[PDB]
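Structure first, then comments.
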Amino acid sequence: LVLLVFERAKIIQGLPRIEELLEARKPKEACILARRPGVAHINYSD
Amino acid sequence: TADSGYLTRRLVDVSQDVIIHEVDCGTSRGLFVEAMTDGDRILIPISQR
Amino acid sequence: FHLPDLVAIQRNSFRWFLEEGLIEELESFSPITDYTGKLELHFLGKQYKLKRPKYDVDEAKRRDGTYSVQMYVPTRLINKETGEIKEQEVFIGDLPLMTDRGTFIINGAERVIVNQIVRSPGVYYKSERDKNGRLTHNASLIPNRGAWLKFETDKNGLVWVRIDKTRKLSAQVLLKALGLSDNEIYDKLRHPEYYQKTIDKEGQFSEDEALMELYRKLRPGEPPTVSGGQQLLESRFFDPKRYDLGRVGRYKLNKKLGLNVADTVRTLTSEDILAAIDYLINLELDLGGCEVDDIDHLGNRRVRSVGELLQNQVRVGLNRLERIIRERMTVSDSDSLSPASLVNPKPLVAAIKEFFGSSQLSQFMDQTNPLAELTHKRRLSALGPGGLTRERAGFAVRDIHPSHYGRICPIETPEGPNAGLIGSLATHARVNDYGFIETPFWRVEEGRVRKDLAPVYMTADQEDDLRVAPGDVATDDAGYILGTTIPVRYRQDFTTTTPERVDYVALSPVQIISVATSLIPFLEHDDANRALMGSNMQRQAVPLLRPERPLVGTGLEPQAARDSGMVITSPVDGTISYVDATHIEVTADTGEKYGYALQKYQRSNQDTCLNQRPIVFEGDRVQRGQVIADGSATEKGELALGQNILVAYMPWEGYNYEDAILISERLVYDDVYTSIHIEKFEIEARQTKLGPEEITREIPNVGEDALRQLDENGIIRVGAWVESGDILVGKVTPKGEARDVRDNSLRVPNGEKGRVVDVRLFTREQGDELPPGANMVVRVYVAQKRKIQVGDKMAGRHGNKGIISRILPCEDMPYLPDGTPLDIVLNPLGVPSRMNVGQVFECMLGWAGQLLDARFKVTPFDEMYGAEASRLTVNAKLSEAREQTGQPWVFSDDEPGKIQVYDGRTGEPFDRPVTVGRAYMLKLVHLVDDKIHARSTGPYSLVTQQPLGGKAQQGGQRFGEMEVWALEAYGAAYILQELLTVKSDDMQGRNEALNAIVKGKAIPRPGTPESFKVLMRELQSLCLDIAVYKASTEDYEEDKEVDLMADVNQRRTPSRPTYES
Amino acid sequence: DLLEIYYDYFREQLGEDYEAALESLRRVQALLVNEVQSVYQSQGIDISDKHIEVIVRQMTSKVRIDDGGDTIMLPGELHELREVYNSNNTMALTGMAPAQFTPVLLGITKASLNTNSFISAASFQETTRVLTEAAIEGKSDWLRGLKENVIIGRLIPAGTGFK
Amino acid sequence: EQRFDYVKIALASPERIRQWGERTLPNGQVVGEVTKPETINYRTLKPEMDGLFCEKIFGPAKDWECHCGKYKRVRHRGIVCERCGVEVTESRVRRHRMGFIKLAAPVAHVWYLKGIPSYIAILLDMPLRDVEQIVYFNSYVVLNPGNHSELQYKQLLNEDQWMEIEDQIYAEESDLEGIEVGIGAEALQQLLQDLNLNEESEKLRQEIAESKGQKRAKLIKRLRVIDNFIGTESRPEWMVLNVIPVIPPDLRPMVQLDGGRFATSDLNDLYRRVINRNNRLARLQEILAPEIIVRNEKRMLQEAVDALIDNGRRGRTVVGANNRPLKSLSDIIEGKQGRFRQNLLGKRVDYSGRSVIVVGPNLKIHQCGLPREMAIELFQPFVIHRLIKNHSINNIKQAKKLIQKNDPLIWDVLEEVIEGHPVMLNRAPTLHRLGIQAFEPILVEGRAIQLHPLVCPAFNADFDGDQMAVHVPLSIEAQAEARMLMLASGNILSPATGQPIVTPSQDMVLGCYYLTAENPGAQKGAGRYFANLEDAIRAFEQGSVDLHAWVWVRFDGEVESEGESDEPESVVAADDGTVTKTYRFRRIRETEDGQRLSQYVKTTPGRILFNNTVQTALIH
DNA sequence: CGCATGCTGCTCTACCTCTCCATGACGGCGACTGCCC
RNA sequence: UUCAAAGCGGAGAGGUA
DNA sequence: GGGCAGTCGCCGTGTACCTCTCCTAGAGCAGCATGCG
Ligand SMILES: [Mg+2]
Ligand SMILES: [Zn+2]
């Protein structure tokens, strides 16, 4: 009939994480700031 | 088991030549050891580390 | 128990092959014509005139031959123009025949063909999601045999086609090349503008350019041709000899796409392609009646058995034969020909031999006991020629699907690399003529179960819209379902409904498990992992000297023994007139005589006995269906793999530690747990260019003290006790060098002894077939009786394994309040951490049964009748035994299952009472006489000069690289260097070390091992200039290349270390 | 990229690039050690921190050479930080033109194939590629460390065979 | 003082390859060349005179015996026969001599053409596809474009292009003197010989000095390769083969199956194919055959040599009897089952055994139980030595006959042979260094090894089917080192973390817990006073108090109670200044502003047993 | 009474080509390739 | 004076820990 | 030329032990049993 959308609130790590860390691979997350400054405007645009 | 065995073999071959040959390099550098804590709670005390 | 014949997959498949499997392949190839069209060969493949086997089953078994028949097909040769027809019958091949138990006998060994679970032919739709793009859908069309087709939808709304593994190309080319005008493909499609987008983007094609482009893309580098494209398409998809959907493929296509094409046509047509494109468009546009497919569903998977695989092999052989016939028929100008001289049956014979002897689908039979034999024929494999590969199978194929319910057992699998890749058929399941597994159900009308209306068999896809109840629901008079809420399954989910809304009910509570798992009482109180262990270990037990039934059996034992074909039942309802150790005779009421002959001390594939013994006495009244004689692993009628012994749960003085077992000495001198094992030895007398070989007792360099038991013909006598290193058959070879003969007579291997029971021998000039170049064959059989001893493995039905560590004299064992010493002491630490609670139930019920002489039977999942049925039944039985016996110490109300036990060494009672009972334990095939090995010095490998490996050839133990790492972490330098050189392949240091040890001096320094030199030679042979150098001492001198392959010491260097004298 | 961020910041702030390389490598090393130890301690397993430090220093001890001044070092070569520093110092003591470099993070398989002995590398992985490269360069192996005295059959240079 | 110091690798020149083979004889000719593809004689098991198993090249098959049989005896040293010219010496030299095959046409080494980096393509400044097309006879290449306008050096032509250029060059009208050369064969030898490394390096440096863009890495790679070839003093044209070597015949042997059939190796087939094609091509070149067939023969010979060097790398795999691939020279060394990982980094050894393990209590840690049937085999030389020295026997043969006959003296000798001799025990998945340990053996009766219960967690062992392997050390250094570094009684802590590793684990902790616990019921004899702990133990041993009763004992020492009240209680200031403080579990009595006079502890007989056991073990 | 023909065992050598033998694995890393400025 | 006649490679399937 | 997405091909994927079976096609050449007048 329909397909409801919702947000759930939800971690353990094992061998894949260790192998990824020791082989120095590229994960997909964690945008990293590049220069010092002192203000972080979130800027919720239209 | 296969994943664990492959990882151990790679670890052994990367670091086989580390043997102790010297007594002292005469430096003044090191790191800072502190307890491992999850915010309010501590997980590993400093004395064990 | 509505159980029909348990081994019926093999029988049905072979009957189908004989009835209509060979005819269909023979008649699809008959009209072989040459290019001039003058001669024709017709194979009237309808008679087959099978010739009776020349050897019986037993003759084939004892001669080590093959049980088979011969096939003869009638053929006719027709010459055109001049009328000339010749008729004859040609020999086609030898077909091995299936015995009465579902197995084959190849070269004197029992073999079984395994069933294979594969993917069914048809069309399968799938949706794939790009990293940043939309959802794109693809469809794959897969036949039984031929080329595959693939359709794909792009991100812009374009439809592309891929044939086999060529480059992609728009669907317009393919649809126009097939011979379809625009109007019909516009009408058949439901949403024509979606395809109109592709038409506009890719440009309209006419037939000529459609075939031009199709030829260009399929076969690049050649000049395009219209006839070329036509022939290419006709050979690719429309050729019966090259393309085959199958009956199942046509059925699946019609069922999914909703077509109406006839069942007889088995090649692709235009409507199928149009319907597949339309279904893809609708699935893209979310029409409403379209859905992607699941490939693990048991409705999309098929079973292939011996009939289909044999059909494929016959087809390949026939293709090769037709090639030979066509090549040979044209070489002669004048006819001077007959159909007999035209066909050559060598390729077909070779193909059949390769399938039955060297394939990976024909397997060596498991024959330890009747249960292993029964479950080896009901096994389903996902690997083989046409299935999966070990490196490609992943997590999704080894899981449990909700569609396995009642069709594949969820418990019985291997552990390790094969876990989830081999499965077992459930108890009530059966395979229909399309290849899909079914299972039975009873109908429910208005909440009433109709147990008198012929249960219906249903496949996985059928029972998805119905609400099906489990087999443990309780009814009041075999009628209305009791309760107010009932568990049901609807669309692969578990729910609960009112019992006026269910549709079908399963037949039995054991419909979900296999036959090996159905023999475990109190199963619902066990964990699943230990249930797997117990079911697996029940098939490794050894038949004992005097078998015995369990006291707490489950009810399926008499049915698991009737399929091995070793129990004899009387069909007569008469009287018995003659009983003997080898013959039984029963006379009816004026209905002639029935006589049976019994096998005596034969041998199985795994060296176990196959005896058969009678039960009845002379002049006995006998009814129909009554057991008359029974086999080596059955008591009267039913399976009997273990023994009932007294058990107590408590720790001893460290002898129970971590799965070890402490037993008594009564189990040794009472001949409990003793078995007979028979071995076979063989010698061959061949001929050589130097001369022939003679079997005789005139052996050189031997004294009369080593020829006592030979029969003046060089062969040992029946009934002789042979110890290790004893001559069995004496042979001499004609060496070239006076006396020119050398002695290599065969002797028993080290560690073998027993009695000689058979010396059957075969020779030429007597009607016996022999391998080429051989004169005679001699086979000797040696038997022995083995007792239980320290190091043997014991097991129970609930997963508890152990190794025996001590055998105590009977005055040391703990004893009961009546003076009876125990038989086995088990550790209670192993029960609560593994959750085998059923063994305690079994022990207590066995105690009650022994005290009552009752032999109870309990069926699994017995709690549908009460809240705690097992505990109440056990307590009531124990109380009744206490009241009947008269002894108050049997049962106590304060501690129900526990009684007082004393110490045999000091006489003082233990502080608290312990649990005692009767347990049914089994002895496994892992015995310590076959696991002990040692070596000092022996044979060496030829290339690397390292010690050989293997127990049977005095082999060494491997020192892998993990052990090298462990020795490096210790700081060890001298142990490692001694292991690497002096004890492995330092060809000169081995003898020096041995002589130094014997003489008492110091071991000298080693050199360079031989494997390094072998590697240097191998690298040099690859055109690499590698060498070892010695550095220069002074400044401008050059470094000097060292020659490794040159010994400087001109001392003895033998191939193997030798003792000086 | 965290390594690049740290190197760029410390090169913009500090003068000499040697200290920037050292500080960047130090920060990345600490992050890696802490992450691995946290993953292990999430379960009920405890290991000492020296064992992980020994392995991690094998991954962050090299540098990529860029614009060698006058030494025999073409761009694109991976060299130890200490060797580069010593060569640059001994060359620029007289007043020559130094070389540039950038720290890199290798990994556990890419670092085992960059050893100075072709016998150890050929016995680990990719035998034909290693052997072809060694044949072209004319390399020589002086038999130092384990896994090479084991192959020949000599006393290993560790333990009782140290001297 | 060692034999050699380092290992060096390089490219092989044709002179070196011919020098590896081609030995000399006391005559006017050399012998070391393989010319015919015959391996062995069918009628008699002998090798032919010029083949893969020849005896003039590779040495005699039987030591100190010639092919014709005229010579014999170890008297004949360093003298060659005359009828067949076979040197008379040991047969072991058969696994040294190499020989070689001379090719009628040059071929290219597949390692230097088809690689992840291709070195021929890098050196020649050409893409891999063009070089691969020039090889295998798919296209032509221009070697000299002299006196022309539309032709450039190293430009790929075609059959039609070559024909149309021939239509002009053969007219010889004008403007076409100095005929250009094109060559549809390899001609890689000519292109690689034309290299002038020094000026190429100078030009490359001059170009790399100026301008970088973003794609000067190609010139950097070229400069690296050129500098390598300059420094090594090699020649690039050595990457194209003109002769090949042959491996000695014992590393590719012929084995005989049970039924008399032969199971020959996979290298013999590849060598046979190469030799047959080479001989056929040479024969065709002799008769001056048409060139369009000679080119086919050359292409087939290239493919054959390529399949010998490495099978299935460039083209199609060569299948043998079945549809399974043949094993080439690179498959010997490259895999997990290759020489490196199977024969050099781990081997099979002597004086070793294996058996099942059972539990042995009453053993001490550092002791093991070895069955009597394995010890008599693993310890044979020491038994023989002891039999010869003491209990004077005679020779070794008599000692071996005595062992075989199973004399009673054998076990008496063995029992004193094995005492003081450590033995190493090992379990299958050795995950850390505590998976191999040394024990002292004790002869047991049976066929199973007895293992102490306190070492199971280190081995990860268990008594439900596990098996163990046994090795023995031979020399004095190995024995001293096993006793001093590996013995099981000095392995208390673990190397991963300093936590103890030998602790009571399963059934001993349960017994200690039961013995030292408390029981509200079954408390006969509670409240009785004892002097010292031995009195309490003696009173319990002969049944007069329960194992869980509460009794007062006199104990002057240090106590550690649980649920204790650290604050003094019930202080009674008695006469004469004597103070008797009564706690919950102690009754200390102290003098006036002085020391302690006495102490009593309220405890349980099981606790007294536990603590007395520990103290007695420590003090003795 | 004797004459003509298929079957079986041993020996001896030589190799290339397809309708391609499969189209259910998964990640990483380097080298072509068509397309848009 | 001599030794000396018992060892062999690959592929597939299953099992124990 | 610069810069790509996109794609094709090669590399890698636990240790020790036990049991069973089977192992190259084609062609050429010589000697013994069988149906007929
Ligand atoms: Mg175990
Ligand atoms: Zn000679």
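The numbering of chain E matches Swiss-Prot: 5-624, in order.
Going by what the header records, the deposited coordinates were determined by electron microscopy, 2.9 Å.
Any Cβ shown, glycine's included, is placed from N, Cα and C.
The feature Zn(2+) binding site is assigned by Swiss-Prot to E:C70, E:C72, E:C85, E:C88. The annotation Mg(2+) binding site is assigned in Swiss-Prot to E:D466, E:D468, E:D470 on the grounds of sequence analysis.
Here the features listed in Swiss-Prot are placed on the structure.
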residue	record	Cβ within 10 Å
E:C70	Zn(2+) binding site	22
E:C72	Zn(2+) binding site	12
E:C85	Zn(2+) binding site	18
E:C88	Zn(2+) binding site	14
E:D466	Mg(2+) binding site	16
E:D468	Mg(2+) binding site	16
E:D470	Mg(2+) binding site	18
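Ligand 1 lies under 6 Å from the Cβ of the following binding-site residues, listed in sequence order from E:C70, E:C85, E:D466, E:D468, E:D470: E:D466, E:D468, E:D470.
Looking only at Cα atoms, E:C85 (Zn(2+) binding site) sits nearest to E:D470 among the binding-site residues E:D466, E:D468, E:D470. Checking the binding-site residues E:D466, E:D468, E:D470 against ligand 2, not one has its Cβ under 6 Å from it. Residues from the set of binding-site residues E:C70, E:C72, E:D466, E:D468 situated with their C-beta under 8 Å of a chain C C-beta: E:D466, E:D468. Cα to Cα, E:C88 (Zn(2+) binding site) and E:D470 (Mg(2+) binding site) are separated by 60 Å. Highlighted in sequence order, E:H71, E:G73, E:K74, E:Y75, E:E86, E:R87, E:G89, E:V90 have their Cβ within 8 Å of the centre of the Cβ atoms of E:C70, E:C72, E:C85, E:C88, the residues recorded for Zn(2+), and are not part of that set. It is 58 Å from the Cα atom of E:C72 (Zn(2+) binding site) to that of E:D470 (Mg(2+) binding site). Using a 10 angstroms CA-CA radius around E:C70 (Zn(2+) binding site), none of the binding-site residues in E:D466, E:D468, E:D470 qualify. DSSP assigns E:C72 (Zn(2+) binding site) to coil in the three-state reduction, outside any helix or strand.
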